[PDB]
>>> print(open('input.cif').read())   # mmCIF, C-alpha atoms and all ligand atoms
data_run
#
loop_
_atom_site.group_PDB
_atom_site.id
_atom_site.type_symbol
_atom_site.label_atom_id
_atom_site.label_comp_id
_atom_site.auth_asym_id
_atom_site.auth_seq_id
_atom_site.Cartn_x
_atom_site.Cartn_y
_atom_site.Cartn_z
ATOM 1 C CA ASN A 1093 8.103 38.080 51.973
ATOM 2 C CA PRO A 1094 11.137 36.127 50.641
ATOM 3 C CA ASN A 1095 14.260 37.935 49.436
ATOM 4 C CA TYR A 1096 16.701 37.086 46.646
ATOM 5 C CA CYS A 1097 20.323 38.059 45.988
ATOM 6 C CA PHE A 1098 21.910 38.270 42.530
ATOM 7 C CA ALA A 1099 25.247 39.805 41.657
ATOM 8 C CA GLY A 1100 25.760 42.267 44.485
ATOM 9 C CA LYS A 1101 22.142 43.259 45.117
ATOM 10 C CA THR A 1102 19.317 41.834 47.238
ATOM 11 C CA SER A 1103 15.729 42.054 45.998
ATOM 12 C CA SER A 1104 12.181 41.509 47.222
ATOM 13 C CA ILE A 1105 8.673 41.173 45.785
ATOM 14 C CA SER A 1106 8.251 44.934 46.175
ATOM 15 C CA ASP A 1107 10.930 45.262 43.501
ATOM 16 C CA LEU A 1108 8.910 43.421 40.856
ATOM 17 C CA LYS A 1109 7.230 45.681 38.306
ATOM 18 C CA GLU A 1110 3.510 45.352 38.969
ATOM 19 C CA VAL A 1111 1.398 45.730 35.842
ATOM 20 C CA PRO A 1112 -2.236 46.666 36.424
ATOM 21 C CA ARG A 1113 -4.467 43.692 35.639
ATOM 22 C CA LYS A 1114 -6.801 45.871 33.569
ATOM 23 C CA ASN A 1115 -3.935 46.464 31.128
ATOM 24 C CA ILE A 1116 -3.521 42.735 30.454
ATOM 25 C CA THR A 1117 -5.485 40.781 27.840
ATOM 26 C CA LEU A 1118 -5.150 37.041 27.204
ATOM 27 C CA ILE A 1119 -5.234 36.132 23.505
ATOM 28 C CA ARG A 1120 -4.779 32.368 23.270
ATOM 29 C CA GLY A 1121 -3.254 29.349 24.960
ATOM 30 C CA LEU A 1122 0.338 28.558 23.998
ATOM 31 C CA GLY A 1123 0.702 25.046 25.364
ATOM 32 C CA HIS A 1124 -0.050 24.923 29.081
ATOM 33 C CA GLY A 1128 0.338 25.971 35.425
ATOM 34 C CA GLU A 1129 -0.904 27.387 32.126
ATOM 35 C CA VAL A 1130 0.780 29.753 29.670
ATOM 36 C CA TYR A 1131 -1.009 32.235 27.419
ATOM 37 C CA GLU A 1132 -0.164 34.708 24.710
ATOM 38 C CA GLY A 1133 -1.124 38.131 26.020
ATOM 39 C CA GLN A 1134 -1.059 41.870 25.376
ATOM 40 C CA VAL A 1135 -0.035 44.634 27.783
ATOM 41 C CA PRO A 1144 0.602 47.144 22.650
ATOM 42 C CA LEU A 1145 3.358 44.952 24.078
ATOM 43 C CA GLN A 1146 3.080 41.269 23.158
ATOM 44 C CA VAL A 1147 3.781 38.908 26.056
ATOM 45 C CA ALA A 1148 3.685 35.343 27.269
ATOM 46 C CA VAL A 1149 1.669 35.014 30.453
ATOM 47 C CA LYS A 1150 2.787 32.430 32.978
ATOM 48 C CA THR A 1151 -0.037 31.762 35.413
ATOM 49 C CA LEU A 1152 -0.198 30.330 38.917
ATOM 50 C CA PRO A 1153 -3.291 28.121 39.261
ATOM 51 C CA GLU A 1154 -5.414 29.321 42.175
ATOM 52 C CA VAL A 1155 -5.717 25.706 43.324
ATOM 53 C CA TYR A 1156 -1.988 25.494 44.072
ATOM 54 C CA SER A 1157 -0.635 25.635 47.628
ATOM 55 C CA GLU A 1158 1.460 28.183 49.525
ATOM 56 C CA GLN A 1159 4.789 26.610 48.597
ATOM 57 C CA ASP A 1160 3.779 26.740 44.936
ATOM 58 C CA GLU A 1161 2.977 30.427 45.429
ATOM 59 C CA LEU A 1162 6.403 31.169 46.892
ATOM 60 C CA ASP A 1163 8.160 29.174 44.173
ATOM 61 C CA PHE A 1164 6.189 31.056 41.515
ATOM 62 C CA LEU A 1165 7.177 34.343 43.144
ATOM 63 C CA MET A 1166 10.861 33.420 43.457
ATOM 64 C CA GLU A 1167 10.981 32.532 39.763
ATOM 65 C CA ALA A 1168 9.713 36.021 38.931
ATOM 66 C CA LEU A 1169 12.421 37.552 41.121
ATOM 67 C CA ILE A 1170 15.114 35.394 39.512
ATOM 68 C CA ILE A 1171 14.254 36.185 35.894
ATOM 69 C CA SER A 1172 13.643 39.870 36.644
ATOM 70 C CA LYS A 1173 17.197 40.360 37.906
ATOM 71 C CA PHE A 1174 18.950 38.937 34.834
ATOM 72 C CA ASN A 1175 20.085 41.227 32.038
ATOM 73 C CA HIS A 1176 21.296 39.287 29.021
ATOM 74 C CA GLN A 1177 20.242 38.844 25.393
ATOM 75 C CA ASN A 1178 20.019 35.057 25.705
ATOM 76 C CA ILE A 1179 17.834 34.953 28.792
ATOM 77 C CA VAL A 1180 14.105 35.617 28.432
ATOM 78 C CA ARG A 1181 13.057 39.066 29.682
ATOM 79 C CA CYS A 1182 10.458 39.555 32.396
ATOM 80 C CA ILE A 1183 8.126 42.403 31.417
ATOM 81 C CA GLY A 1184 6.624 42.472 34.885
ATOM 82 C CA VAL A 1185 4.077 40.719 37.074
ATOM 83 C CA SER A 1186 0.444 40.975 38.082
ATOM 84 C CA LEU A 1187 0.399 39.730 41.669
ATOM 85 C CA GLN A 1188 -2.378 41.871 43.153
ATOM 86 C CA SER A 1189 -5.078 39.889 41.353
ATOM 87 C CA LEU A 1190 -5.857 36.179 41.008
ATOM 88 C CA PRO A 1191 -4.702 34.151 39.308
ATOM 89 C CA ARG A 1192 -1.211 35.610 39.672
ATOM 90 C CA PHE A 1193 0.639 36.397 36.428
ATOM 91 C CA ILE A 1194 4.266 36.576 35.388
ATOM 92 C CA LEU A 1195 4.743 38.442 32.118
ATOM 93 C CA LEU A 1196 7.576 37.243 29.885
ATOM 94 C CA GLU A 1197 9.067 38.207 26.531
ATOM 95 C CA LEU A 1198 6.947 36.413 23.907
ATOM 96 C CA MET A 1199 9.103 33.868 22.088
ATOM 97 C CA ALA A 1200 7.139 33.041 18.959
ATOM 98 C CA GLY A 1201 9.390 30.172 17.957
ATOM 99 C CA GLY A 1202 8.296 28.218 21.024
ATOM 100 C CA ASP A 1203 10.428 25.781 23.001
ATOM 101 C CA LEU A 1204 13.588 24.402 21.430
ATOM 102 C CA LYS A 1205 12.750 20.707 21.725
ATOM 103 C CA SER A 1206 9.416 21.061 19.928
ATOM 104 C CA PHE A 1207 11.035 23.317 17.330
ATOM 105 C CA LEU A 1208 13.745 20.782 16.507
ATOM 106 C CA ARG A 1209 11.246 17.930 16.220
ATOM 107 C CA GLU A 1210 8.841 19.900 14.029
ATOM 108 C CA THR A 1211 11.469 21.574 11.855
ATOM 109 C CA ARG A 1212 13.392 18.407 10.959
ATOM 110 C CA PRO A 1213 14.341 18.434 7.263
ATOM 111 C CA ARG A 1214 11.824 16.375 5.299
ATOM 112 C CA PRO A 1215 11.259 15.461 1.635
ATOM 113 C CA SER A 1216 8.819 18.387 1.684
ATOM 114 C CA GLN A 1217 11.189 20.642 3.630
ATOM 115 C CA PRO A 1218 14.698 19.359 2.747
ATOM 116 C CA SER A 1219 16.342 22.707 3.507
ATOM 117 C CA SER A 1220 14.328 23.582 6.615
ATOM 118 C CA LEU A 1221 17.475 23.560 8.745
ATOM 119 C CA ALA A 1222 21.245 23.368 8.281
ATOM 120 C CA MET A 1223 24.239 22.712 10.526
ATOM 121 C CA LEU A 1224 24.958 26.431 10.925
ATOM 122 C CA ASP A 1225 21.441 27.010 12.287
ATOM 123 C CA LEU A 1226 22.057 24.371 14.950
ATOM 124 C CA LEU A 1227 25.455 25.852 15.820
ATOM 125 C CA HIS A 1228 23.864 29.279 16.192
ATOM 126 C CA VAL A 1229 21.294 27.893 18.635
ATOM 127 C CA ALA A 1230 24.082 26.220 20.611
ATOM 128 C CA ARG A 1231 26.129 29.422 20.637
ATOM 129 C CA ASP A 1232 23.114 31.435 21.833
ATOM 130 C CA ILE A 1233 22.443 29.171 24.792
ATOM 131 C CA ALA A 1234 26.161 28.875 25.629
ATOM 132 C CA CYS A 1235 26.279 32.666 25.740
ATOM 133 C CA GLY A 1236 23.398 32.661 28.212
ATOM 134 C CA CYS A 1237 25.188 29.989 30.229
ATOM 135 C CA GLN A 1238 28.421 31.987 30.205
ATOM 136 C CA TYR A 1239 26.542 34.974 31.647
ATOM 137 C CA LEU A 1240 25.094 32.757 34.389
ATOM 138 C CA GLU A 1241 28.530 31.276 35.126
ATOM 139 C CA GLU A 1242 30.242 34.659 35.331
ATOM 140 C CA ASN A 1243 27.514 35.773 37.749
ATOM 141 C CA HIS A 1244 27.846 32.646 39.896
ATOM 142 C CA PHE A 1245 24.350 31.358 39.114
ATOM 143 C CA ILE A 1246 23.936 27.607 38.644
ATOM 144 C CA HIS A 1247 20.952 26.744 36.457
ATOM 145 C CA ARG A 1248 20.708 23.014 37.263
ATOM 146 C CA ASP A 1249 18.424 22.056 34.379
ATOM 147 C CA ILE A 1250 19.927 23.129 31.070
ATOM 148 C CA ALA A 1251 17.909 21.180 28.493
ATOM 149 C CA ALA A 1252 16.118 21.831 25.193
ATOM 150 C CA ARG A 1253 12.703 21.863 26.895
ATOM 151 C CA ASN A 1254 13.829 24.898 28.894
ATOM 152 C CA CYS A 1255 14.991 26.985 25.929
ATOM 153 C CA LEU A 1256 12.906 29.251 23.704
ATOM 154 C CA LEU A 1257 13.220 30.731 20.207
ATOM 155 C CA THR A 1258 12.286 34.279 19.213
ATOM 156 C CA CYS A 1259 10.862 33.063 15.899
ATOM 157 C CA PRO A 1260 10.689 29.995 13.590
ATOM 158 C CA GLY A 1261 12.640 31.548 10.741
ATOM 159 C CA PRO A 1262 16.343 32.181 9.957
ATOM 160 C CA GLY A 1263 16.852 35.172 12.243
ATOM 161 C CA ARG A 1264 15.902 33.171 15.324
ATOM 162 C CA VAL A 1265 17.598 33.746 18.667
ATOM 163 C CA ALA A 1266 17.610 31.049 21.344
ATOM 164 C CA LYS A 1267 17.269 31.951 25.028
ATOM 165 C CA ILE A 1268 17.027 30.179 28.369
ATOM 166 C CA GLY A 1269 13.385 30.524 29.339
ATOM 167 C CA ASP A 1270 12.757 28.482 32.487
ATOM 168 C CA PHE A 1271 14.421 28.661 35.901
ATOM 169 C CA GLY A 1272 12.156 26.397 37.924
ATOM 170 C CA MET A 1273 14.848 23.984 39.103
ATOM 171 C CA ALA A 1274 17.223 26.663 40.371
ATOM 172 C CA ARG A 1275 14.169 28.073 42.126
ATOM 173 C CA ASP A 1276 13.229 24.850 43.928
ATOM 174 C CA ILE A 1277 16.774 24.426 45.228
ATOM 175 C CA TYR A 1278 16.835 28.079 46.281
ATOM 176 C CA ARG A 1279 13.544 27.808 48.178
ATOM 177 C CA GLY A 1286 10.062 17.117 44.637
ATOM 178 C CA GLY A 1287 10.696 13.542 43.584
ATOM 179 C CA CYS A 1288 13.376 11.124 42.410
ATOM 180 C CA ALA A 1289 11.476 10.148 39.260
ATOM 181 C CA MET A 1290 11.210 13.842 38.381
ATOM 182 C CA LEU A 1291 14.925 14.634 38.599
ATOM 183 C CA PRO A 1292 16.428 15.371 35.170
ATOM 184 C CA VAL A 1293 18.999 12.624 35.694
ATOM 185 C CA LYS A 1294 19.695 12.293 31.959
ATOM 186 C CA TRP A 1295 21.113 15.819 32.033
ATOM 187 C CA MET A 1296 23.095 15.462 35.283
ATOM 188 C CA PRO A 1297 26.791 14.670 35.920
ATOM 189 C CA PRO A 1298 27.784 11.948 38.442
ATOM 190 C CA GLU A 1299 28.643 14.274 41.338
ATOM 191 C CA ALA A 1300 25.235 15.920 40.961
ATOM 192 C CA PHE A 1301 23.083 12.789 41.105
ATOM 193 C CA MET A 1302 25.381 10.947 43.521
ATOM 194 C CA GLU A 1303 26.418 13.692 45.953
ATOM 195 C CA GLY A 1304 23.968 16.504 45.281
ATOM 196 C CA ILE A 1305 26.975 18.649 44.405
ATOM 197 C CA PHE A 1306 26.271 21.468 41.977
ATOM 198 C CA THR A 1307 28.785 23.880 40.442
ATOM 199 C CA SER A 1308 29.104 25.739 37.142
ATOM 200 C CA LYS A 1309 30.576 22.487 35.856
ATOM 201 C CA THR A 1310 27.177 20.909 36.504
ATOM 202 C CA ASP A 1311 25.767 23.160 33.812
ATOM 203 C CA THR A 1312 28.683 22.284 31.512
ATOM 204 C CA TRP A 1313 27.688 18.617 31.619
ATOM 205 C CA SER A 1314 24.044 19.490 31.015
ATOM 206 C CA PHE A 1315 25.023 21.712 28.114
ATOM 207 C CA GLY A 1316 26.752 18.733 26.536
ATOM 208 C CA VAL A 1317 23.474 16.843 26.703
ATOM 209 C CA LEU A 1318 21.640 19.852 25.234
ATOM 210 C CA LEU A 1319 24.160 19.813 22.357
ATOM 211 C CA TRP A 1320 23.256 16.184 21.710
ATOM 212 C CA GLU A 1321 19.570 17.125 21.760
ATOM 213 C CA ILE A 1322 20.228 19.876 19.233
ATOM 214 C CA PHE A 1323 22.285 17.861 16.775
ATOM 215 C CA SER A 1324 19.994 14.838 17.056
ATOM 216 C CA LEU A 1325 17.165 17.215 16.126
ATOM 217 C CA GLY A 1326 15.142 16.741 19.292
ATOM 218 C CA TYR A 1327 15.623 13.129 20.342
ATOM 219 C CA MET A 1328 15.343 12.114 23.982
ATOM 220 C CA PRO A 1329 18.859 11.555 25.400
ATOM 221 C CA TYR A 1330 20.016 7.954 25.939
ATOM 222 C CA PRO A 1331 17.450 6.350 23.613
ATOM 223 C CA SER A 1332 15.851 3.216 25.075
ATOM 224 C CA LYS A 1333 17.410 3.773 28.506
ATOM 225 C CA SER A 1334 15.466 4.468 31.689
ATOM 226 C CA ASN A 1335 16.641 6.985 34.294
ATOM 227 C CA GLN A 1336 18.181 4.316 36.533
ATOM 228 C CA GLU A 1337 19.836 2.651 33.558
ATOM 229 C CA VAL A 1338 21.377 5.989 32.601
ATOM 230 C CA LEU A 1339 22.585 6.564 36.147
ATOM 231 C CA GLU A 1340 24.414 3.223 36.097
ATOM 232 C CA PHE A 1341 25.626 3.694 32.507
ATOM 233 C CA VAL A 1342 27.114 7.156 33.078
ATOM 234 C CA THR A 1343 28.651 6.234 36.435
ATOM 235 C CA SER A 1344 30.417 3.315 34.712
ATOM 236 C CA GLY A 1345 31.878 5.611 32.060
ATOM 237 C CA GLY A 1346 29.197 5.179 29.412
ATOM 238 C CA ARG A 1347 28.469 8.080 27.054
ATOM 239 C CA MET A 1348 26.064 8.680 24.173
ATOM 240 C CA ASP A 1349 27.174 8.001 20.609
ATOM 241 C CA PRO A 1350 27.230 10.920 18.135
ATOM 242 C CA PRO A 1351 23.841 11.989 16.765
ATOM 243 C CA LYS A 1352 23.245 10.933 13.160
ATOM 244 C CA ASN A 1353 25.556 12.842 10.794
ATOM 245 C CA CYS A 1354 27.062 14.799 13.683
ATOM 246 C CA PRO A 1355 30.427 16.357 12.716
ATOM 247 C CA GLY A 1356 33.380 15.130 14.754
ATOM 248 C CA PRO A 1357 34.316 18.608 16.046
ATOM 249 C CA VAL A 1358 30.807 19.034 17.464
ATOM 250 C CA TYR A 1359 30.754 15.579 19.063
ATOM 251 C CA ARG A 1360 34.157 16.397 20.579
ATOM 252 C CA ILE A 1361 32.596 19.321 22.443
ATOM 253 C CA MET A 1362 29.979 16.956 23.847
ATOM 254 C CA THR A 1363 32.527 14.436 25.089
ATOM 255 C CA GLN A 1364 34.567 17.205 26.712
ATOM 256 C CA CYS A 1365 31.434 18.421 28.492
ATOM 257 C CA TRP A 1366 30.951 14.858 29.783
ATOM 258 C CA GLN A 1367 34.337 14.367 31.418
ATOM 259 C CA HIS A 1368 33.899 12.439 34.657
ATOM 260 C CA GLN A 1369 35.819 14.916 36.817
ATOM 261 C CA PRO A 1370 34.312 18.425 36.813
ATOM 262 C CA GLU A 1371 37.782 19.988 36.751
ATOM 263 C CA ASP A 1372 38.396 18.322 33.371
ATOM 264 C CA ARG A 1373 35.296 19.846 31.783
ATOM 265 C CA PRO A 1374 35.476 23.185 29.906
ATOM 266 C CA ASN A 1375 33.970 26.390 31.264
ATOM 267 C CA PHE A 1376 31.569 28.214 28.992
ATOM 268 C CA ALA A 1377 34.154 30.637 27.643
ATOM 269 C CA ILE A 1378 35.996 27.619 26.232
ATOM 270 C CA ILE A 1379 32.787 26.017 25.010
ATOM 271 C CA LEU A 1380 31.953 29.232 23.139
ATOM 272 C CA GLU A 1381 35.401 29.314 21.541
ATOM 273 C CA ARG A 1382 34.970 25.732 20.367
ATOM 274 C CA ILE A 1383 31.480 26.346 18.986
ATOM 275 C CA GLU A 1384 32.809 29.371 17.152
ATOM 276 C CA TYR A 1385 35.611 27.344 15.575
ATOM 277 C CA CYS A 1386 33.012 24.802 14.426
ATOM 278 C CA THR A 1387 31.081 27.569 12.662
ATOM 279 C CA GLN A 1388 34.261 28.504 10.808
ATOM 280 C CA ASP A 1389 34.949 24.985 9.544
ATOM 281 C CA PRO A 1390 33.392 24.384 6.109
ATOM 282 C CA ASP A 1391 33.571 20.621 6.625
ATOM 283 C CA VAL A 1392 31.340 21.068 9.665
ATOM 284 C CA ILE A 1393 28.747 23.486 8.332
ATOM 285 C CA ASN A 1394 28.541 21.889 4.879
ATOM 286 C CA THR A 1395 27.521 18.586 6.473
ATOM 287 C CA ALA A 1396 24.003 17.601 5.452
ATOM 288 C CA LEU A 1397 21.499 16.891 8.206
ATOM 289 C CA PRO A 1398 19.581 13.600 7.912
ATOM 290 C CA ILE A 1399 16.244 13.722 6.100
ATOM 291 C CA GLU A 1400 13.736 11.450 7.827
ATOM 292 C CA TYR A 1401 11.264 9.736 5.503
HETATM 293 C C1 LIG B 1501 6.926 30.001 30.479
HETATM 294 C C2 LIG B 1501 6.922 29.708 28.972
HETATM 295 O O1 LIG B 1501 7.294 30.962 28.306
HETATM 296 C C3 LIG B 1501 7.111 31.147 26.939
HETATM 297 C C4 LIG B 1501 6.549 30.202 26.038
HETATM 298 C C5 LIG B 1501 6.392 30.420 24.659
HETATM 299 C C6 LIG B 1501 6.836 31.680 24.212
HETATM 300 N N1 LIG B 1501 7.384 32.640 25.033
HETATM 301 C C7 LIG B 1501 7.520 32.377 26.381
HETATM 302 N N2 LIG B 1501 8.090 33.363 27.205
HETATM 303 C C8 LIG B 1501 5.806 29.347 23.799
HETATM 304 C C9 LIG B 1501 5.834 27.897 23.984
HETATM 305 N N3 LIG B 1501 5.201 27.257 22.998
HETATM 306 N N4 LIG B 1501 4.766 28.222 22.184
HETATM 307 C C10 LIG B 1501 4.026 27.832 20.994
HETATM 308 C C11 LIG B 1501 5.087 29.501 22.594
HETATM 309 C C12 LIG B 1501 4.716 30.680 21.861
HETATM 310 N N5 LIG B 1501 4.436 31.637 21.275
HETATM 311 C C13 LIG B 1501 6.445 27.034 25.074
HETATM 312 N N6 LIG B 1501 5.604 26.870 26.316
HETATM 313 C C14 LIG B 1501 4.178 26.549 26.120
HETATM 314 C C15 LIG B 1501 6.054 26.989 27.678
HETATM 315 O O2 LIG B 1501 5.335 26.847 28.669
HETATM 316 C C16 LIG B 1501 7.483 27.302 28.005
HETATM 317 C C17 LIG B 1501 8.444 26.283 27.691
HETATM 318 C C18 LIG B 1501 9.814 26.488 27.962
HETATM 319 C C19 LIG B 1501 10.233 27.696 28.545
HETATM 320 F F1 LIG B 1501 11.532 27.882 28.797
HETATM 321 C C20 LIG B 1501 9.308 28.718 28.868
HETATM 322 C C21 LIG B 1501 7.899 28.553 28.609
#
>>> encode(input="input.cif", output="structure tokens")
Amino acid sequence: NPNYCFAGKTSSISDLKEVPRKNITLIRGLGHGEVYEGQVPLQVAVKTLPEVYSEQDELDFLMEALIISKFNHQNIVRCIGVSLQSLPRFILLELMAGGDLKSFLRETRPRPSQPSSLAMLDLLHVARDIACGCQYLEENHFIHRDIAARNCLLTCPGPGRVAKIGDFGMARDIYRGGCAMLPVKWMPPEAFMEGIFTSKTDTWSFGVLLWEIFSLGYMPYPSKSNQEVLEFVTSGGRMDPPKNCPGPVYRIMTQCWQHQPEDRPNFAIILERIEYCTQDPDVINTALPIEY
């Protein structure tokens, strides 16, 4: 069975915490593989491997469990354990009741009915949370490869929410696919041209995540196809600021999108800049757009 090394330790499937299947109860679907809300009473999200999947899918599923299980950080979803000795195979994750970040942003947009549903500080706190997760990954020499709103989760809908990175499927595939499935809209030039990935890959992607956050859940590069983005970005093209986006926040995005990786900030610097934004009244007092 496949092994996995993180920090200074190597791990195997035997190291995963097996939870007896009889202790696990599915409660409801959460938005499907398929994902359920479950109980172990400990509340969990249950990631399932469809029995109709192949052997490579099995190994990938397993590797993802190993990956998440070896992290220890507040802004990365916890793995409660697995149930691998019964079918279908389960991975048990920390239940994040706020759901994925993209859906949250789109559904929580300030409206005439909910004008104060979200403010700039809430968005900055989400960004800080994920940047803190990214900093942990960077300092432990782990490259995520698909930092994007769809891959982040929230502990809860309301004000005390904490954002975490919740999916590691792309780092898993590369660890051991199609062109039209590559997240090119989140990738820097050296990644989609040369297949070169470093921590500065994730910096670029984080810039795109920031745009997603401050646009309140829009698809990056509106109206552009993947190939059009590839050509646009290679030629020096960059997204405009999201509506009402404060200059200091947009500045972090454009720094994340520097053409040369050496010119992009590491996550320690990104965190410092996000923190300064949270201190600036002119940033956090900026009203978000209210769609009618
Ligand atoms: C593997 C899965 O994990 C969780 C999903 C949810 C909560 N907690 C965890 N751990 C969740 C979702 N929506 N809702 C309403 C809930 C709830 N409650 C999102 N979802 C359906 C996903 O598949 C998904 C999306 C992105 C990501 F990073 C991980 C996951």
>>> residues_around(input="input.cif", residues="residue 1378 in chain A", least_positions_apart="6", cutoff="10 Å", atoms="all atoms listed in the file", output="PyMOL selection string")
chain A and resi 1234+1238+1361+1384
>>> residues_around(input="input.cif", residues="residue 1146 in chain A", least_positions_apart="3", cutoff="9 Å", atoms="only C-alpha atoms", output="PyMOL selection string")
chain A and resi 1132-1135+1197-1198
>>> residues_near_ligand(input="input.cif", ligand="ligand LIG 1501 (chain B)", cutoff="10 Å", atoms="all atoms listed in the file", output="ChimeraX atom specification")
/A:1120-1124,1128-1133,1146-1151,1179-1183,1194-1207,1250-1259,1267-1272
>>> atom_distance(input="input.cif", atom1="CA of residue 1187 in chain A", atom2="CA of residue 1265 in chain A")
29.3 Å
>>> residues_near_point(input="input.cif", point="(26.4, 4.7, 31.8)", cutoff="12 Å", atoms="all atoms listed in the file", output="PDB file with C-alpha atoms, in the frame of the given file")
ATOM      1  CA  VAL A1293      18.999  12.624  35.694  1.00  0.00           C
ATOM      2  CA  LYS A1294      19.695  12.293  31.959  1.00  0.00           C
ATOM      3  CA  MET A1296      23.095  15.462  35.283  1.00  0.00           C
ATOM      4  CA  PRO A1297      26.791  14.670  35.920  1.00  0.00           C
ATOM      5  CA  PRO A1298      27.784  11.948  38.442  1.00  0.00           C
ATOM      6  CA  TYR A1330      20.016   7.954  25.939  1.00  0.00           C
ATOM      7  CA  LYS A1333      17.410   3.773  28.506  1.00  0.00           C
ATOM      8  CA  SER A1334      15.466   4.468  31.689  1.00  0.00           C
ATOM      9  CA  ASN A1335      16.641   6.985  34.294  1.00  0.00           C
ATOM     10  CA  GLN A1336      18.181   4.316  36.533  1.00  0.00           C
ATOM     11  CA  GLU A1337      19.836   2.651  33.558  1.00  0.00           C
ATOM     12  CA  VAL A1338      21.377   5.989  32.601  1.00  0.00           C
ATOM     13  CA  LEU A1339      22.585   6.564  36.147  1.00  0.00           C
ATOM     14  CA  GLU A1340      24.414   3.223  36.097  1.00  0.00           C
ATOM     15  CA  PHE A1341      25.626   3.694  32.507  1.00  0.00           C
ATOM     16  CA  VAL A1342      27.114   7.156  33.078  1.00  0.00           C
ATOM     17  CA  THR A1343      28.651   6.234  36.435  1.00  0.00           C
ATOM     18  CA  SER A1344      30.417   3.315  34.712  1.00  0.00           C
ATOM     19  CA  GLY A1345      31.878   5.611  32.060  1.00  0.00           C
ATOM     20  CA  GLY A1346      29.197   5.179  29.412  1.00  0.00           C
ATOM     21  CA  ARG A1347      28.469   8.080  27.054  1.00  0.00           C
ATOM     22  CA  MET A1348      26.064   8.680  24.173  1.00  0.00           C
ATOM     23  CA  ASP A1349      27.174   8.001  20.609  1.00  0.00           C
ATOM     24  CA  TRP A1366      30.951  14.858  29.783  1.00  0.00           C
ATOM     25  CA  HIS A1368      33.899  12.439  34.657  1.00  0.00           C
TER      26      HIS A1368
END
>>> resolve_selection(input="input.cif", expression="the PyMOL selection byres (((chain A and resi 1189) around 12) and not hetatm)", output="PDB file with C-alpha atoms, in the frame of the given file")
ATOM      1  CA  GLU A1110       3.510  45.352  38.969  1.00  0.00           C
ATOM      2  CA  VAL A1111       1.398  45.730  35.842  1.00  0.00           C
ATOM      3  CA  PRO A1112      -2.236  46.666  36.424  1.00  0.00           C
ATOM      4  CA  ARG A1113      -4.467  43.692  35.639  1.00  0.00           C
ATOM      5  CA  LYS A1114      -6.801  45.871  33.569  1.00  0.00           C
ATOM      6  CA  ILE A1116      -3.521  42.735  30.454  1.00  0.00           C
ATOM      7  CA  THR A1151      -0.037  31.762  35.413  1.00  0.00           C
ATOM      8  CA  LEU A1152      -0.198  30.330  38.917  1.00  0.00           C
ATOM      9  CA  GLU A1154      -5.414  29.321  42.175  1.00  0.00           C
ATOM     10  CA  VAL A1185       4.077  40.719  37.074  1.00  0.00           C
ATOM     11  CA  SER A1186       0.444  40.975  38.082  1.00  0.00           C
ATOM     12  CA  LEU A1187       0.399  39.730  41.669  1.00  0.00           C
ATOM     13  CA  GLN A1188      -2.378  41.871  43.153  1.00  0.00           C
ATOM     14  CA  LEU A1190      -5.857  36.179  41.008  1.00  0.00           C
ATOM     15  CA  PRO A1191      -4.702  34.151  39.308  1.00  0.00           C
ATOM     16  CA  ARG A1192      -1.211  35.610  39.672  1.00  0.00           C
ATOM     17  CA  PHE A1193       0.639  36.397  36.428  1.00  0.00           C
ATOM     18  CA  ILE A1194       4.266  36.576  35.388  1.00  0.00           C
TER      19      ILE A1194
END
>>> atom_distance(input="input.cif", atom1="CA of residue 1115 in chain A", atom2="CA of residue 1155 in chain A")
24.1 Å
>>> closest_residue(input="input.cif", among="A:1260, A:1266, A:1236, A:1371", to="residue 1211 in chain A", atoms="all atoms listed in the file")
A:1260
>>> closest_residue(input="input.cif", among="A:1357, A:1229, A:1302, A:1364", to="residue 1388 in chain A", atoms="all atoms listed in the file")
A:1357
>>> resolve_selection(input="input.cif", expression="the PyMOL selection byres (((chain A and resi 1097) around 12) and not hetatm)", output="VMD selection string")
chain A and resid 1094 to 1096 1098 to 1104 1166 1169 to 1174 1243 to 1245 1278
>>> atom_distance(input="input.cif", atom1="CA of residue 1248 in chain A", atom2="CA of residue 1274 in chain A")
5.9 Å
>>> resolve_selection(input="input.cif", expression="the PyMOL selection byres (((chain A and resi 1370) around 12) and not hetatm)", output="list in words")
residues 1296, 1297, 1298, 1299, 1300, 1305, 1306, 1307, 1308, 1309, 1310, 1311, 1312, 1313, 1314, 1364, 1365, 1366, 1367, 1368, 1369, 1371, 1372, 1373, 1374 and 1375 of chain A
>>> closest_residue(input="input.cif", among="A:1401, A:1301, A:1320, A:1315", to="residue 1237 in chain A", atoms="only C-alpha atoms")
A:1315
